[PDB]
Amino acid sequence: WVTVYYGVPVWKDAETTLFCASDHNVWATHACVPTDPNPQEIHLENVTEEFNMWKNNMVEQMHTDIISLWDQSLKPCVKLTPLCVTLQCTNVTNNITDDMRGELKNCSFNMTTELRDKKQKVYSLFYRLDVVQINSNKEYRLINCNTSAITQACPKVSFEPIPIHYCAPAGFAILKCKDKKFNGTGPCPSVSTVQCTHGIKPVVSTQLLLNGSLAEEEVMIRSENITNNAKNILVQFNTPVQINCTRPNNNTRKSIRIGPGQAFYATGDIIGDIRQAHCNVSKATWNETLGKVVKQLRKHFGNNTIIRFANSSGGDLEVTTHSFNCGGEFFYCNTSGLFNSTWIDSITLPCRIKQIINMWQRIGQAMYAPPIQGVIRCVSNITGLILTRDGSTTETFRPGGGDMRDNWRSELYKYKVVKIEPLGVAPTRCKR
Amino acid sequence: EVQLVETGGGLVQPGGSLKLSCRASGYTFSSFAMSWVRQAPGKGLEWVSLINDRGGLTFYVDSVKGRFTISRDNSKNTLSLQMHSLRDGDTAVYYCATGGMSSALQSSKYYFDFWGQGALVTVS
Amino acid sequence: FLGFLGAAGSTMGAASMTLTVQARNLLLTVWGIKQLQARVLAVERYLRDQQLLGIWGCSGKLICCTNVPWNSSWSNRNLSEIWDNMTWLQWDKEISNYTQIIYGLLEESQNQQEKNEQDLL
Amino acid sequence: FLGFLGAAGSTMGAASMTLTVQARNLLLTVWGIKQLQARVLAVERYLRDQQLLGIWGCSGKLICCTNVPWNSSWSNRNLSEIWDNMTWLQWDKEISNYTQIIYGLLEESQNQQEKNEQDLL
Amino acid sequence: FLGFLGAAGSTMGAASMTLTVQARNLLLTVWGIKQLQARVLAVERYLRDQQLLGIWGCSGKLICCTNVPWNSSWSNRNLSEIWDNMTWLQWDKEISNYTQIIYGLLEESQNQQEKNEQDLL
Ligand SMILES: *[C@@H]1O[C@H](CO)[C@@H](O[C@@H]2O[C@H](CO)[C@@H](O[C@@H]3O[C@H](CO)[C@@H](O)[C@H](O[C@H]4O[C@H](CO)[C@@H](O)[C@H](O)[C@@H]4O)[C@@H]3O)[C@H](O)[C@H]2NC(C)=O)[C@H](O)[C@H]1NC(C)=O
Ligand SMILES: *[C@@H]1O[C@H](CO)[C@@H](O[C@@H]2O[C@H](CO)[C@@H](O)[C@H](O)[C@H]2NC(C)=O)[C@H](O)[C@H]1NC(C)=O
Ligand SMILES: *[C@@H]1O[C@H](CO)[C@@H](O[C@@H]2O[C@H](CO)[C@@H](O)[C@H](O)[C@H]2NC(C)=O)[C@H](O)[C@H]1NC(C)=O
Ligand SMILES: *[C@@H]1O[C@H](CO)[C@@H](O[C@@H]2O[C@H](CO)[C@@H](O)[C@H](O)[C@H]2NC(C)=O)[C@H](O)[C@H]1NC(C)=O
Ligand SMILES: *[C@@H]1O[C@H](CO)[C@@H](O[C@@H]2O[C@H](CO)[C@@H](O)[C@H](O)[C@H]2NC(C)=O)[C@H](O)[C@H]1NC(C)=O
Ligand SMILES: *[C@@H]1O[C@H](CO)[C@@H](O)[C@H](O)[C@H]1NC(C)=O
Ligand SMILES: *[C@@H]1O[C@H](CO)[C@@H](O)[C@H](O)[C@H]1NC(C)=O
Ligand SMILES: *[C@@H]1O[C@H](CO)[C@@H](O)[C@H](O)[C@H]1NC(C)=O
Ligand SMILES: *[C@@H]1O[C@H](CO)[C@@H](O)[C@H](O)[C@H]1NC(C)=O
Ligand SMILES: *[C@@H]1O[C@H](CO)[C@@H](O)[C@H](O)[C@H]1NC(C)=O
Ligand SMILES: *[C@@H]1O[C@H](CO)[C@@H](O)[C@H](O)[C@H]1NC(C)=O
Ligand SMILES: *[C@@H]1O[C@H](CO)[C@@H](O)[C@H](O)[C@H]1NC(C)=O
Ligand SMILES: *[C@@H]1O[C@H](CO)[C@@H](O)[C@H](O)[C@H]1NC(C)=O
Ligand SMILES: *[C@@H]1O[C@H](CO)[C@@H](O)[C@H](O)[C@H]1NC(C)=O
Ligand SMILES: *[C@@H]1O[C@H](CO)[C@@H](O)[C@H](O)[C@H]1NC(C)=O
Ligand SMILES: *[C@@H]1O[C@H](CO)[C@@H](O)[C@H](O)[C@H]1NC(C)=O
Ligand SMILES: *[C@@H]1O[C@H](CO)[C@@H](O)[C@H](O)[C@H]1NC(C)=O
Ligand SMILES: *[C@@H]1O[C@H](CO)[C@@H](O)[C@H](O)[C@H]1NC(C)=O
Ligand SMILES: *[C@@H]1O[C@H](CO)[C@@H](O)[C@H](O)[C@H]1NC(C)=O
Ligand SMILES: *[C@@H]1O[C@H](CO)[C@@H](O)[C@H](O)[C@H]1NC(C)=O
Ligand SMILES: *[C@@H]1O[C@H](CO)[C@@H](O)[C@H](O)[C@H]1NC(C)=O
Ligand SMILES: *[C@@H]1O[C@H](CO)[C@@H](O)[C@H](O)[C@H]1NC(C)=O
Ligand SMILES: *[C@@H]1O[C@H](CO)[C@@H](O)[C@H](O)[C@H]1NC(C)=O
Ligand SMILES: *[C@@H]1O[C@H](CO)[C@@H](O)[C@H](O)[C@H]1NC(C)=O
Ligand SMILES: *[C@@H]1O[C@H](CO)[C@@H](O)[C@H](O)[C@H]1NC(C)=O
Ligand SMILES: *[C@@H]1O[C@H](CO)[C@@H](O)[C@H](O)[C@H]1NC(C)=O
Ligand SMILES: *[C@@H]1O[C@H](CO)[C@@H](O)[C@H](O)[C@H]1NC(C)=O
Ligand SMILES: *[C@@H]1O[C@H](CO)[C@@H](O)[C@H](O)[C@H]1NC(C)=O
Ligand SMILES: *[C@@H]1O[C@H](CO)[C@@H](O)[C@H](O)[C@H]1NC(C)=O
Ligand SMILES: *[C@@H]1O[C@H](CO)[C@@H](O)[C@H](O)[C@H]1NC(C)=O
Ligand SMILES: *[C@@H]1O[C@H](CO)[C@@H](O)[C@H](O)[C@H]1NC(C)=O
Ligand SMILES: *[C@@H]1O[C@H](CO)[C@@H](O)[C@H](O)[C@H]1NC(C)=O
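Residues numbered from 1 in each chain as written, not as in the entry; some residues may be left out. Chains lettered and ligands numbered in written order. Part of a larger assembly, values for the part shown. Heavy atoms only, no water.

Student: Which residues make up the environment of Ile101(D), and what values do they have?
Tutor: Residues and elements named next belong to chain D. For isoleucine 101, the position within the fold is in helix α5 (residues 99-119). Exposure remark for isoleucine 101: the relative accessible area of 44% places this residue in the partly exposed category. Sequence-wise, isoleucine 101 and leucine 121 are 20 residues apart; in three dimensions their C-alpha atoms are separated by 31 Å. (Helix = DSSP H or I, 4+ residues; strand = E, 2+ residues; numbered from the N terminus. Buried < 20%, exposed > 50% of the residue type's maximum accessible area, 1.4 Å probe, protein only.)

Now the structure itself:
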């Protein structure tokens, strides 16, 4: 009566190590497995599987992998310890517009040279957000000097978010939920087995999610607990909103030798006029998009509820603004022009630029972003929002963010990792 | 309602050969094992052969073991029995029947559930 | 037809014809260690199942018929329900609590016949 | 006599008496990773061949006689040429294009008898 | 009863009923390498013994009866002393010098019957 089968199509929830695969990067370079040009996907008929995007450890793994890869790409680069000196700074007033009056500072300092016996007097431009006035009214220091060592990113390694595919090790499988109108939790039909995830771009941003995937039919609202005001709401658009960002300043770069085989990349004089960095969002598109978002929020809050949008709360620049990295430079844009309405050309968002960046939410590891020559222009898709609900007839929504896991959870919500358990027994009617 | 319809020649010379067949309908053919049973002109029933639902296993009564072949084709819903050599003692009505074995992953039968009407074969 | 886990939603007797499909899918130094650990583990898991089939007398088989009777207390169902209605995922849940008992019995009966076979030689 | 690969230039039937000779030869952290990868790979390659023999019903054997007929289109030669004139290196080249067909057929015939053997019990 | 190595002080015939007990117990990057090397080695040692049982025709068994006669020069003792008085540790010392001879003979007799079995088919 007892019979033993091996190769039985049974699985259990599991947590394992996934490996990266992909078709001068910060992240995946040669330490990444080449992908399968014709990957498989198998539809599972009559299979219902429970998914929970808020308990998905693929998110934790991706967070750890991208931070570790980030650090490994800075480890061999030039230390800028010799740069933490007293700076003598004045204002840049040459062909400066009103929007940036006081934003750039012209600083001179005594830097080391290839030879230990000699110093050189050099100057460079810094943004006001990179420096601290000390004491002598022209004396400044870089912002990180009392907190951390700073290194210069190697200007050969780009920050372009080249996609990574996560693949399961043998004995494991990745299940994908294809059920449209899947809100991140509970069971879903239409489950398929895949070898690897689709390519997910490690785009780093706050408030607005850029260059991600789109919802299949309608705008979707996902949250761990929609009635808990301490939780974030991830909003996935079913259409992109195009955003055009720029730094309209023709910059030049100069190399300062600071030691035997090391150089600092400094910003030289700006060619032409000096103007403020900004992003343009089409107003009509934004308005239609916001339309769809409210229609869906009402499904959870009432169709007779007043829904208001408001700008972010105060706090650190890295959280209160829309942070992104494009063209190799780090932008901090003011989104109060996008979130200012009751219910529901172009909208111009002014932006600030920084050179000294404290990544993720760490303290102790700062990096200096070498300046980029020429003029930067970026075109990207807003594919979703991170909102926080401020809270009896109205609700207020504000932009949120800063926890990078929310930016990956939004792409990995469809995937689950399971472990295959090939043995099983059953009654039959035979006897050895 | 199911049907089993035997067809095939009914008159042969000894030393020759004969093929009988049985068309089935009204049930999933592939779910059942099948067999042939003889009715002697003036006596009782005798089991002759048995075939598995998948057609891979065949069994015979010793008296026809080196002479008869039982075959099954699940795409046409048919059985066939190929007789060779033929003896006077093989004159009988040959019945097509559903049952006889089992598939070891389901309840056993070891009995015959359905019968056709039978082909009459005379060996001269 | 469908490949790996394609039969997952099929009944137990519709499945179990695909056993080779699943059996074949079981097969900067920090990234090196992570990948090796994943590969070493796949090997270790594979070998534990093979050792277990070996001690039960099922080495080299995907379908092994044993000499242990089924206890109706493990699952009081007939063959028609088990093989024609249920899927393997459902079955695994139904008898989860009896797996270790069954495994112990399978080992014991193999030890007994392994010895009887020596006495007969 | 000669050891590993000593029979490589011998004919197929002169060779194939040395199967255990070849079967037994299949078994600063950066240098650590390189060596472990080589060792892990040797294990994985060994196990894939063993799994394959297993699903074909040839587990535990070096010479396994199967139930799949030879198609003359794969190689229209008689036994005298294959076993007395040819070497295994030459043979492997001659039928390279049919290897996957043959492997698929071997798996299928094992699945069929594995099931027939259950029905007979 | 006692678990792993519990029978170590028992006689050979009292032991050898516990074979599955022992068989189942055979299964910062610097610490990573040390642990992986230990795990890889456990796998390699396991597989070498399994390969060896395979070439002797004992695959899948814990107790394998062979076709090689015992040479009294290896140990001139009767069954009563070997199975009822001696332990396996004592026995291993007594015949240590003949282990490689015995292993060679076991391989040879398997090669011969493996071939005879082909001629009979
Ligand atoms: C959202 O996706 C879009 C596209 O999918 C992406 O926009 C792309 O950004 C990259 C980087 O800014 C653009 O490529 C650059 O284009 C400029 C044009 O003058 C070139 O000069 C750049 O080349 C220099 O830098 C390279 C770095 O390795 C050097 O190798 C090279 O020699 C040059 O020095 C570079 O080509 C790209 O064109 C756009 N794509 C489009 C369609 O505009 C956008 O950034 C994504 N959004 C976010 C926030 O990531
Ligand atoms: C490093 O220096 C900065 C700048 O002086 C310190 O940050 C200031 O801390 C005071 C404390 O009352 C605040 O009021 C200022 O607004 C802070 N300035 C900024 C720009 O945030 C910082 O705390 C110092 N770090 C350490 C470790 O002492
Ligand atoms: C930043 O200050 C430097 C001086 O510290 C300016 O450079 C000088 O510009 C005058 C203009 O004729 C030249 O004659 C000097 O020789 C320049 N000095 C050096 C060291 O080159 C610089 O132009 C200022 N930059 C900005 C943007 O205001
Ligand atoms: C983001 O942009 C808005 C819009 O330009 C800034 O809003 C101004 O804030 C000051 C602060 O009291 C108000 O007095 C102005 O009237 C505001 N303007 C408008 C049009 O509302 C806002 O301050 C910017 N945020 C930050 C952090 O700089
Ligand atoms: C913004 O989103 C649109 C819509 O998804 C992207 O354009 C699509 O790109 C895919 C790539 O295979 C094409 O198959 C679609 O037909 C494109 N849609 C249209 C309407 O042309 C667009 O590339 C995205 N922009 C960025 C910067 O990623
Ligand atoms: C402002 O730009 C014009 C453009 O030619 C240039 O000639 C002028 O010198 C610039 N002014 C300063 C102070 O650099
Ligand atoms: C630079 O501009 C700011 C604008 O408020 C002013 O307060 C500051 O004193 C100026 N610095 C110099 C050196 O003139
Ligand atoms: C550089 O060192 C000299 C030494 O006398 C000092 O006078 C000068 O101010 C220093 N330069 C700066 C920009 O501090
Ligand atoms: C998501 O769908 C499940 C399906 O039952 C539902 O229970 C859950 O409450 C939904 N999520 C929200 C935020 O309503
Ligand atoms: C959602 O948040 C509310 C806020 O108090 C809490 O009471 C409720 O239990 C939460 N939901 C779940 C499923 O815990
Ligand atoms: C944004 O719109 C203004 C409106 O005149 C335009 O001048 C500016 O160039 C636009 N910016 C971008 C990045 O297209
Ligand atoms: C962005 O640039 C494209 C052309 O590259 C233009 O068609 C589009 O309207 C721009 N978007 C905005 C918001 O200005
Ligand atoms: C957004 O769309 C609504 C639709 O009625 C319209 O009334 C509103 O003025 C629009 N807002 C903008 C900024 O165009
Ligand atoms: C909200 O929409 C639902 C959809 O069926 C409807 O039944 C309900 O009455 C609506 N509420 C209001 C206030 O219109
Ligand atoms: C939000 O808008 C108000 C308008 O008064 C402004 O004071 C506040 O600073 C804005 N907050 C941010 C983070 O931009
Ligand atoms: C927000 O809406 C009010 C409505 O009167 C408008 O006056 C204000 O300028 C808007 N704020 C921004 C930042 O556009
Ligand atoms: C920056 O100025 C240089 C000066 O000749 C010019 O050639 C270059 O094209 C300018 N860059 C841009 C983006 O206009
Ligand atoms: C899924 O269930 C339907 C129900 O009739 C069945 O016909 C179908 O074959 C099932 N899927 C598979 C893979 O068997
Ligand atoms: C069947 O299981 C019960 C306990 O679940 C046990 O008492 C009984 O003896 C078992 N049957 C046999 C034949 O051992
Ligand atoms: C046996 O199969 C029949 C089919 O209807 C089912 O009703 C009966 O309950 C089954 N036996 C057991 C033990 O459940
Ligand atoms: C089990 O399969 C049989 C096949 O005819 C069907 O009649 C029966 O209703 C099925 N039972 C269940 C619970 O699906
Ligand atoms: C298995 O154990 C759990 C523990 O609570 C129990 O609830 C469940 O019913 C048991 N399963 C069976 C089939 O008795
Ligand atoms: C090599 O070829 C010669 C040709 O006669 C043959 O006799 C010899 O035995 C071959 N070598 C081996 C290892 O058989
Ligand atoms: C032999 O191979 C040919 C194609 O190479 C194929 O058509 C033929 O059917 C095969 N023979 C058998 C018995 O299948
Ligand atoms: C059979 O062996 C003979 C030996 O001379 C050879 O000539 C003949 O061609 C062989 N058969 C085939 C199919 O080649
Ligand atoms: C094959 O071996 C036979 C053995 O006598 C020999 O006569 C024949 O010529 C050989 N053929 C080739 C091609 O070497
Ligand atoms: C195997 O495929 C290659 C591809 O060109 C072909 O040339 C060769 O002749 C084929 N081998 C056989 C034995 O047909
Ligand atoms: C140890 O030796 C004594 C001697 O009589 C024996 O009885 C006992 O069983 C031995 N231990 C074991 C594990 O057999
Ligand atoms: C037994 O071993 C001796 C040498 O130890 C050897 O000479 C003798 O031939 C062996 N017996 C047999 C039957 O081979
Ligand atoms: C056989 O067993 C007896 C038991 O006393 C022992 O004395 C004798 O020496 C044994 N035979 C050999 C070869 O030692
Ligand atoms: C071996 O076991 C027998 C069992 O009766 C015992 O009499 C004999 O003395 C034992 N021999 C030794 C050496 O212990
Ligand atoms: C095994 O070899 C050693 C080497 O000195 C020898 O002393 C020992 O007696 C040998 N063992 C036997 C059983 O002869």
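On we go.
Student: Could you give me a rundown of the site of ligand 12, with the residues and numbers involved?
Tutor: All names here are of chain A. As a matter of local geometry, ligand 12 sits amid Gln242, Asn244, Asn280, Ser282 and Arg377. At a separation of 2.4 Å, an oxygen atom of ligand 12 approaches a polar side-chain atom of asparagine 244. One nitrogen or oxygen atom from the side chain of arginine 377 is found 3.0 Å from an oxygen atom belonging to ligand 12. For ligand 12, whose free accessible area comes to 370 Å², the fraction covered by protein is 52%. Across the shell around ligand 12, the residue classes break down as no nonpolar, 4 polar and 1 charged. (Near = heavy atom within 4 Å. Polar contact = N/O pair within 3.5 Å; in protein donor to acceptor, adjacent residues only side chain to side chain. Areas by Shrake-Rupley, 256 points an atom, 1.4 Å probe, with all protein chains shown as cover. Nonpolar A, V, L, I, M, F, W, Y, C, P; charged D, E, K, R; others polar.)

Student: So what's going on with the environment of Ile55(D)? Which residues, and what values?
Tutor: Inspection of the secondary structure puts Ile55(D) in helix α2 (residues 29-55). Looking at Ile55(D), the relative accessible area reads 6%, which means it is buried. Separated by 55 residues in the primary sequence, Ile55(D) and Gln110(D) have C-alpha atoms spaced 7.0 Å apart. Contacts of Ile55(D), omitting those with residues within four sequence positions, involve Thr20(C), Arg24(C), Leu62(C), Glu107(D) and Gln110(D). (Contact = heavy atoms within 4.5 Å.)

Student: Describe the interface of chain D and chain E, and please don't skip the residues or the numbers.
Tutor: The interface of chain D with chain E comprises 19 residues on the first partner and 20 residues on the second. Summed over both partners, the interface of chain D with chain E comes to about 1800 Å²; 63% of that surface belongs to carbon and sulfur atoms. The tally of links from chain D across to chain E stands at 2 salt bridges. When the shortest N-O distance is used, the salt bridge between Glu107(E) and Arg24(D) registers 3.5 Å. At the surface where chain D touches chain E, the tally comes to 6 residue pairs in polar contact. For the side of chain D that touches chain E, the elements supplying multiple residues, two or more each, are α1 (19-23) and α2 of chain D. Considering each element in turn, the side of chain D that touches chain E owes the most residues, 9 residues, to α2(D). Grouping the amino acids of the side of chain D that touches chain E by side-chain chemistry returns 11 nonpolar, 5 polar and 3 charged. (Buried area = accessible area lost by both parts, 1.4 Å probe. Salt bridge = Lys/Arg side-chain N within 4 Å of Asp/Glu carboxyl O.)

Student: Give a detailed account of the packing of aromatic side chains, specifying residues and quantitative values.
Tutor: Applying the stated criterion across every chain, the model contains 31 aromatic pairs over all chains. With a centroid separation of 5.6 Å and 55° between ring planes, the pair formed by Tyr5(A) and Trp83(C) is classed as tilted. Pair noted here: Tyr5(A) is in strand β1 (residues 2-6) and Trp83(C) is in helix α3 (residues 79-85), and the two residues belong to different chains. Classification of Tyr5(A) by relative accessible area gives buried; the value is 1%. For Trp83(C), a relative accessible area of 1% puts it in the buried group. For the pair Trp70(A) and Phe159(A), a centre-to-centre distance of 5.4 Å together with 35° between the ring planes defines the contact as tilted. Residues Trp70(A) and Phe159(A) agree in their burial class; the two are buried. Feature note: the residues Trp27(A), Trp70(A), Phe159(A), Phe330(A) and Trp360(A) constitute an aromatic cluster, connected by ring pairs. (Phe/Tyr/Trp six-rings, centres within 6.5 Å; stacked < 30°, edge-to-face > 60°.)

Student: Outline the pairing of strand β24 (residues 322-326) of chain A, listing residues and values.
Tutor: Residue and element names in this part refer to chain A. Two strands pair when backbone bridges link them, and β24 and strand β25 (residues 329-333) are joined in this way by 5 bridges, in the antiparallel orientation. Looking at the pairing, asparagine 325 lines up with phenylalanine 330 of β25. Hairpin connection from β24 to β25: 2 residues lie between these consecutive antiparallel strands, with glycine 327 at a positive phi of about 80°. (Pairing = 2+ DSSP bridges.)

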